[PDB]
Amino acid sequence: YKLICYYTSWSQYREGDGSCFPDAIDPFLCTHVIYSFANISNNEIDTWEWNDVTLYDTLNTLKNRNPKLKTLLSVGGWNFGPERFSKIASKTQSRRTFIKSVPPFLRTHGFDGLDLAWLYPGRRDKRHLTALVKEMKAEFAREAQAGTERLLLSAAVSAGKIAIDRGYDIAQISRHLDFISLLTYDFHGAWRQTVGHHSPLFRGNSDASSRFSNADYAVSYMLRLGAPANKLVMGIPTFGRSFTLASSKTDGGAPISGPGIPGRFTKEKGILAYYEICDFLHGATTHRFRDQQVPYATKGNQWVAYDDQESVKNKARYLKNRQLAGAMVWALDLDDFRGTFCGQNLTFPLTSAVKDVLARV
């Protein structure tokens, strides 16, 4: 079983214990660690943070302790304009340029592969996305002729049915990618004013429309569209989503006035690190959707949708029963990496939970 874990560059600037460097990663925790977000300049892959070269090296030294540990660098991300991506892949001239620039880069800094994080291609992009993948794999296959281990090529893909139909040719790209990460944790849409869970496992016998907004459907749809189970990786969130209640109503469907207040270390409205959530829980009321098998908490006018050890284990069991390749965890820096916030002196409680399920078979 694979266990793909993302590490984000910007988590280093977090104050106090929130600060996280590659240093804190247990080399034996995951099978692959993806460094989050390289950038693109003059149609060529490039660094983002001033000290990326130092961090790249810090991350890749973990491989000295765990010889089997694979690392990848990811291009794109949320702060990377989809248009910029769209622009690079349409013109075969800039595409080939971008492509040829990658292997040397990755080889210089010690990466075993590239992760494509084109955050949401549109209807006019499908054709070009396919081209990018086809050609990149071809270039990688070629570079291996030089006597070295072929570079890996993966991609983070949307879990929403509409987004999927619109910009992805799943059948095509699947035969060229090494593994696909399903972003099964962006289900509750930031568009409108209601309380809801962003990473439900099941549909839940309790609301007819938007049966497409749960991991179960997402996985079944990908399999239907032709992606091999042995290449699909289900994404599991290590963070939670917060909301500011617009009323004293706390149950499903309650009115929302806006995102929840930021966390001490995370500092972003509407998001909270799992370790921030462990602190929040004190004096909070815990609930759990039985149909969807995920929890949520409320305190004052703040409403939080998150994942605990049990929900995460549940998702992992599901993942194993459908016979998927593994799990993907978004942000090791959002889990309790120090292991000092969430009671149990355990390090990486959430990621460890997934690993336990993947490991007992």
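Start at 1 and count along the sequence shown; that's the residue number.
K.L.:
Taking only the CA atoms, which stretch has the higher mean B-factor in the record, 46-54 or 33-41?
P.N.:
Higher mean C-alpha B-factor in the PDB entry: 46-54.
K.L.:
With reference to the PDB entry, specify whether the mean Cα temperature factor is higher for 56-64 or for 314-322.
P.N.:
Taking the mean B-factor of the alpha carbons in each, 56-64 is higher.
K.L.:
Tell me which of 131, 232, 245, 278 tops the list for C-alpha B factor in the record.
P.N.:
The C-alpha B-factor peaks, among 131, 232, 245, 278, at 245.
K.L.:
Highest Cα B-factor in the PDB entry belongs to which of 221, 80, 105, 179?
P.N.:
The C-alpha B-factor peaks, among 221, 80, 105, 179, at 80.
K.L.:
Divide the modelled residues of the chain into thirds by Cα B-factor and specify which third, lowest, middle or highest, holds residue 349.
P.N.:
Its C-alpha B-factor, which the entry lists for residue 349, ranks in the lowest third among residues of this chain.
K.L.:
Residue 190: which third of its chain by C-alpha temperature factor?
P.N.:
Highest third, going by the recorded CA B-factors of the chain.
K.L.:
Hey, what third does residue 165 fall into on Cα B-factor, ranked over its chain?
P.N.:
CA B-factor rank for residue 165: middle third.
K.L.:
Lowest, middle or highest third: where is residue 358 by C-alpha B factor in its chain?
P.N.:
Tercile = middle for this residue's CA B-factor.
K.L.:
Thinking about Cα B factors across the chain, which third does residue 250 belong to?
P.N.:
Its C-alpha B-factor, which the entry lists for residue 250, ranks in the highest third among residues of this chain.
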